[PDB]
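File shown here: work_25.pdb, holding PDB, C-alpha atoms (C1' of nucleotides).
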```pdb
MODEL        1
ATOM      1  CA  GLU A 109      -1.349  14.332 -26.513  1.00  0.00           C
ATOM      2  CA  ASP A 110       0.957  16.577 -28.559  1.00  0.00           C
ATOM      3  CA  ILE A 111       0.006  20.220 -27.997  1.00  0.00           C
ATOM      4  CA  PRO A 112      -1.325  22.614 -30.679  1.00  0.00           C
ATOM      5  CA  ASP A 113       0.747  25.603 -31.784  1.00  0.00           C
ATOM      6  CA  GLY A 114       1.490  27.406 -28.520  1.00  0.00           C
ATOM      7  CA  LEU A 115       5.258  27.119 -28.654  1.00  0.00           C
ATOM      8  CA  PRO A 116       7.136  29.321 -26.159  1.00  0.00           C
ATOM      9  CA  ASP A 117       9.417  32.224 -27.029  1.00  0.00           C
ATOM     10  CA  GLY A 118      12.891  30.919 -26.271  1.00  0.00           C
ATOM     11  CA  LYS A 119      16.010  32.944 -25.540  1.00  0.00           C
ATOM     12  CA  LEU A 120      19.717  32.542 -26.279  1.00  0.00           C
ATOM     13  CA  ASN A 121      21.724  29.446 -25.360  1.00  0.00           C
ATOM     14  CA  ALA A 122      24.160  29.508 -22.442  1.00  0.00           C
ATOM     15  CA  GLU A 123      27.208  27.272 -22.009  1.00  0.00           C
ATOM     16  CA  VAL A 124      26.291  23.674 -22.790  1.00  0.00           C
ATOM     17  CA  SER A 125      26.023  21.633 -19.585  1.00  0.00           C
ATOM     18  CA  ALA A 126      24.308  18.298 -20.475  1.00  0.00           C
ATOM     19  CA  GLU A 127      25.041  17.195 -16.886  1.00  0.00           C
ATOM     20  CA  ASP A 128      22.723  19.263 -14.575  1.00  0.00           C
ATOM     21  CA  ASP A 129      19.983  16.562 -14.576  1.00  0.00           C
ATOM     22  CA  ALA A 130      21.184  15.484 -11.119  1.00  0.00           C
ATOM     23  CA  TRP A 131      19.702  18.625  -9.543  1.00  0.00           C
ATOM     24  CA  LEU A 132      17.638  20.626 -12.046  1.00  0.00           C
ATOM     25  CA  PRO A 133      14.381  18.549 -12.139  1.00  0.00           C
ATOM     26  CA  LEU A 134      14.689  18.035  -8.375  1.00  0.00           C
ATOM     27  CA  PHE A 135      15.176  21.792  -7.964  1.00  0.00           C
ATOM     28  CA  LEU A 136      12.057  22.581 -10.012  1.00  0.00           C
ATOM     29  CA  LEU A 137       9.884  19.999  -8.242  1.00  0.00           C
ATOM     30  CA  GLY A 138      11.052  21.218  -4.829  1.00  0.00           C
ATOM     31  CA  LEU A 139      10.520  24.823  -5.890  1.00  0.00           C
ATOM     32  CA  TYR A 140       6.893  23.836  -6.499  1.00  0.00           C
ATOM     33  CA  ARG A 141       6.588  22.861  -2.817  1.00  0.00           C
ATOM     34  CA  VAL A 142       8.394  26.043  -1.749  1.00  0.00           C
ATOM     35  CA  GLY A 143       5.880  28.037  -3.791  1.00  0.00           C
ATOM     36  CA  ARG A 144       3.074  26.145  -2.058  1.00  0.00           C
ATOM     37  CA  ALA A 145       4.173  27.637   1.287  1.00  0.00           C
ATOM     38  CA  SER A 146       2.524  30.737   2.730  1.00  0.00           C
ATOM     39  CA  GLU A 147       4.636  31.832   5.734  1.00  0.00           C
ATOM     40  CA  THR A 148       7.984  33.627   5.588  1.00  0.00           C
ATOM     41  CA  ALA A 149       9.073  31.792   8.740  1.00  0.00           C
ATOM     42  CA  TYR A 150       8.078  28.572   6.937  1.00  0.00           C
ATOM     43  CA  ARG A 151      10.587  29.371   4.160  1.00  0.00           C
ATOM     44  CA  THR A 152      12.986  26.911   5.810  1.00  0.00           C
ATOM     45  CA  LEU A 153      11.774  24.500   3.122  1.00  0.00           C
ATOM     46  CA  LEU A 154      14.018  26.485   0.769  1.00  0.00           C
ATOM     47  CA  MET A 155      16.945  26.048   3.179  1.00  0.00           C
ATOM     48  CA  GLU A 156      16.214  22.310   3.329  1.00  0.00           C
ATOM     49  CA  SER A 157      16.207  22.298  -0.482  1.00  0.00           C
ATOM     50  CA  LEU A 158      19.616  24.014  -0.649  1.00  0.00           C
ATOM     51  CA  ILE A 159      20.980  21.614   1.985  1.00  0.00           C
ATOM     52  CA  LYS A 160      19.685  18.741  -0.155  1.00  0.00           C
TER      53      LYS A 160
ATOM     54  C1'   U B   1      55.895   5.741  53.384  1.00  0.00           C
ATOM     55  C1'   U B   2      54.849   8.024  57.940  1.00  0.00           C
ATOM     56  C1'   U B   3      51.424  10.853  60.432  1.00  0.00           C
ATOM     57  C1'   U B   4      46.586  13.663  62.448  1.00  0.00           C
ATOM     58  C1'   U B   5      44.708  20.609  68.142  1.00  0.00           C
ATOM     59  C1'   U B   6      46.286  25.330  60.965  1.00  0.00           C
ATOM     60  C1'   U B   7      48.942  23.352  70.439  1.00  0.00           C
ATOM     61  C1'   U B   8      53.442  24.093  72.968  1.00  0.00           C
ATOM     62  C1'   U B   9      61.265  27.530  74.551  1.00  0.00           C
ATOM     63  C1'   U B  10      60.729  27.967  79.918  1.00  0.00           C
ATOM     64  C1'   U B  11      57.657  30.927  82.508  1.00  0.00           C
ATOM     65  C1'   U B  12      53.049  32.921  83.155  1.00  0.00           C
ATOM     66  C1'   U B  13      47.303  34.449  82.653  1.00  0.00           C
ATOM     67  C1'   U B  14      42.809  42.144  84.361  1.00  0.00           C
ATOM     68  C1'   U B  15      44.638  44.233  76.429  1.00  0.00           C
ATOM     69  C1'   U B  16      44.402  46.447  86.334  1.00  0.00           C
ATOM     70  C1'   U B  17      47.429  49.617  89.133  1.00  0.00           C
ATOM     71  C1'   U B  18      53.397  55.910  90.887  1.00  0.00           C
ATOM     72  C1'   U B  19      50.932  57.849  95.314  1.00  0.00           C
ATOM     73  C1'   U B  20      46.471  60.154  96.029  1.00  0.00           C
ATOM     74  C1'   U B  21      41.649  60.191  94.332  1.00  0.00           C
ATOM     75  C1'   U B  22      36.191  60.014  92.206  1.00  0.00           C
ATOM     76  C1'   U B  23      29.055  64.702  90.044  1.00  0.00           C
ATOM     77  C1'   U B  24      33.511  65.291  82.383  1.00  0.00           C
ATOM     78  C1'   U B  25      29.397  70.500  90.179  1.00  0.00           C
ATOM     79  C1'   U B  26      30.650  75.080  92.106  1.00  0.00           C
ATOM     80  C1'   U B  27      33.936  83.086  92.459  1.00  0.00           C
ATOM     81  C1'   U B  28      29.797  85.386  94.923  1.00  0.00           C
ATOM     82  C1'   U B  29      25.124  86.098  93.505  1.00  0.00           C
ATOM     83  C1'   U B  30      20.994  84.312  91.182  1.00  0.00           C
ATOM     84  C1'   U B  31      16.893  81.039  88.329  1.00  0.00           C
ATOM     85  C1'   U B  32      10.186  82.412  82.366  1.00  0.00           C
ATOM     86  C1'   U B  33      16.395  82.061  76.754  1.00  0.00           C
ATOM     87  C1'   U B  34       8.895  87.501  80.633  1.00  0.00           C
ATOM     88  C1'   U B  35       8.175  92.654  80.626  1.00  0.00           C
ATOM     89  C1'   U B  36       9.340 100.837  78.139  1.00  0.00           C
ATOM     90  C1'   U B  37       4.275 102.337  78.421  1.00  0.00           C
ATOM     91  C1'   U B  38      -0.870 100.322  76.598  1.00  0.00           C
ATOM     92  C1'   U B  39      -2.665  97.218  74.048  1.00  0.00           C
ATOM     93  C1'   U B  40      -4.513  91.902  71.825  1.00  0.00           C
ATOM     94  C1'   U B  41      -9.080  88.805  64.636  1.00  0.00           C
ATOM     95  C1'   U B  42      -1.257  88.775  61.134  1.00  0.00           C
ATOM     96  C1'   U B  43     -10.768  92.376  60.713  1.00  0.00           C
ATOM     97  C1'   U B  44     -12.758  96.736  58.477  1.00  0.00           C
ATOM     98  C1'   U B  45     -12.944 103.498  53.319  1.00  0.00           C
ATOM     99  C1'   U B  46     -18.336 103.297  52.143  1.00  0.00           C
ATOM    100  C1'   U B  47     -20.544  99.683  49.441  1.00  0.00           C
ATOM    101  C1'   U B  48     -21.149  94.912  48.542  1.00  0.00           C
ATOM    102  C1'   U B  49     -21.326  88.770  48.209  1.00  0.00           C
ATOM    103  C1'   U B  50     -22.395  82.111  42.053  1.00  0.00           C
ATOM    104  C1'   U B  51     -13.852  83.779  40.465  1.00  0.00           C
ATOM    105  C1'   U B  52     -23.052  83.456  36.948  1.00  0.00           C
ATOM    106  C1'   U B  53     -25.434  85.869  32.651  1.00  0.00           C
ATOM    107  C1'   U B  54     -25.556  90.170  25.229  1.00  0.00           C
ATOM    108  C1'   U B  55     -29.681  87.599  22.935  1.00  0.00           C
ATOM    109  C1'   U B  56     -30.533  82.763  21.540  1.00  0.00           C
ATOM    110  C1'   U B  57     -29.622  77.985  22.632  1.00  0.00           C
ATOM    111  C1'   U B  58     -27.938  72.708  24.919  1.00  0.00           C
ATOM    112  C1'   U B  59     -25.527  64.479  21.966  1.00  0.00           C
ATOM    113  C1'   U B  60     -17.622  68.317  21.804  1.00  0.00           C
ATOM    114  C1'   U B  61     -24.874  63.624  16.523  1.00  0.00           C
ATOM    115  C1'   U B  62     -25.899  63.665  11.392  1.00  0.00           C
ATOM    116  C1'   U B  63     -24.615  65.046   3.009  1.00  0.00           C
ATOM    117  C1'   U B  64     -27.268  60.665   1.215  1.00  0.00           C
ATOM    118  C1'   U B  65     -26.141  55.877   1.795  1.00  0.00           C
ATOM    119  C1'   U B  66     -24.559  52.124   4.842  1.00  0.00           C
ATOM    120  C1'   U B  67     -22.565  48.785   9.426  1.00  0.00           C
ATOM    121  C1'   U B  68     -17.423  41.344  10.553  1.00  0.00           C
ATOM    122  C1'   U B  69     -11.005  47.555  10.723  1.00  0.00           C
ATOM    123  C1'   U B  70     -14.775  39.110   6.236  1.00  0.00           C
ATOM    124  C1'   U B  71     -14.064  37.157   1.426  1.00  0.00           C
ATOM    125  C1'   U B  72     -10.216  36.180  -6.274  1.00  0.00           C
ATOM    126  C1'   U B  73     -10.847  30.744  -6.619  1.00  0.00           C
ATOM    127  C1'   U B  74      -9.211  26.711  -4.059  1.00  0.00           C
ATOM    128  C1'   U B  75      -7.689  25.233   1.033  1.00  0.00           C
ATOM    129  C1'   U B  76      -6.675  24.345   6.450  1.00  0.00           C
ATOM    130  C1'   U B  77      -0.525  20.120  11.649  1.00  0.00           C
ATOM    131  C1'   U B  78       3.708  27.740  10.507  1.00  0.00           C
ATOM    132  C1'   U B  79       3.922  17.594   9.389  1.00  0.00           C
ATOM    133  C1'   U B  80       6.453  14.708   5.949  1.00  0.00           C
ATOM    134  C1'   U B  81      12.554  12.554   0.297  1.00  0.00           C
ATOM    135  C1'   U B  82      13.403   7.485   1.977  1.00  0.00           C
ATOM    136  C1'   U B  83      15.172   5.598   6.424  1.00  0.00           C
ATOM    137  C1'   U B  84      15.225   6.167  11.395  1.00  0.00           C
ATOM    138  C1'   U B  85      14.531   7.733  17.157  1.00  0.00           C
ATOM    139  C1'   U B  86      19.376   7.662  24.710  1.00  0.00           C
ATOM    140  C1'   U B  87      21.971  15.532  21.732  1.00  0.00           C
ATOM    141  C1'   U B  88      24.788   6.256  24.678  1.00  0.00           C
ATOM    142  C1'   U B  89      29.035   3.431  23.483  1.00  0.00           C
ATOM    143  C1'   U B  90      37.001   1.858  20.637  1.00  0.00           C
ATOM    144  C1'   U B  91      38.487  -1.624  24.421  1.00  0.00           C
ATOM    145  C1'   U B  92      39.044  -1.464  29.521  1.00  0.00           C
ATOM    146  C1'   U B  93      37.328   0.808  33.657  1.00  0.00           C
ATOM    147  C1'   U B  94      34.341   3.626  37.988  1.00  0.00           C
ATOM    148  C1'   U B  95      36.309   7.860  45.847  1.00  0.00           C
ATOM    149  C1'   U B  96      37.763  14.580  40.477  1.00  0.00           C
ATOM    150  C1'   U B  97      41.667   8.406  47.618  1.00  0.00           C
ATOM    151  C1'   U B  98      46.556   6.970  48.478  1.00  0.00           C
ATOM    152  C1'   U B  99      54.945   7.141  48.395  1.00  0.00           C
TER     153        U B  99
ENDMDL
END
```
Can you turn what I pasted into structure tokens?
Amino acid sequence: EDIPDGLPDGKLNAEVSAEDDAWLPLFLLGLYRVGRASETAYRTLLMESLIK
RNA sequence: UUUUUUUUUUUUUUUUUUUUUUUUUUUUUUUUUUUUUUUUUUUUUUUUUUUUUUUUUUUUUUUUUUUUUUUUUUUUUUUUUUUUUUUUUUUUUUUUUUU
């Protein structure tokens, strides 16, 4: 269901990686769970993410 | 290995003794750490007796409203990758015993 014209405002391009797929989608999906937390003491989910 | 009082020279056995002694008593007197005399509330000028009082007052109550120091919405293990579950294990051993 290709979206209508709401294309985001991009920025400049950094150094080309083409290899970070081993962590970057996992990092975003785990950051979703970290954002779902509500206690600062329960921010050990972030530490578990970094350990992972 | 050997041993088994952290016993022992032989003597001895009151951390007793010159002799004399025995109130860490005594000059003789004495014996309220009493006393000039006379006194005896560390009472008193006369008044006086709420460290009461201007009058008025008397929630150190009140603008009107109000009355979870509740609430975006959604929610409700300050659970979870999967797998697991002696903060057990080389093997051999098992008085931190022995000449």
Report the closest atom pair, with its distance in Å rounded to one decimal, for each residue of chain A that has an atom no farther than 9 Å from chain B; count all atoms listed in the file, sort by chain and then rising residue number, and write it as CSV.
```
residue,atom,partner,partner_atom,distance
A:146,CA,B:78,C1',8.4
A:147,CA,B:78,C1',6.4
A:148,CA,B:78,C1',8.8
A:149,CA,B:78,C1',7.0
A:150,CA,B:78,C1',5.7
```
Could you give me, as a PyMOL selection string, the residues within 8 Å of stretch 141-143 of chain A, counting only C-alpha atoms (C1' of nucleotides) and dropping anything in the same chain fewer than 3 positions from it?
chain A and resi 137-138+146+151+153-154
So what do you get for atom CA of residue A:132 versus atom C1' of residue B:75, distance-wise?
28.9 Å
Adding 6 Å on each side of the box along x, y and z that holds all listed atoms of stretch 87-97 of chain B, could you give its centre and edge lengths in Å to one decimal, as lines of an AutoDock Vina configuration file?
```
center_x = 31.8
center_y = 7.0
center_z = 34.1
size_x = 31.7
size_y = 29.2
size_z = 39.0
```
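Between atom CA of residue A:133 and atom CA of residue A:157 the interatomic distance comes to 12.4 Å.
Taking atom CA of residue A:160 and atom CA of residue A:130 as endpoints, the distance between them is 11.5 Å.
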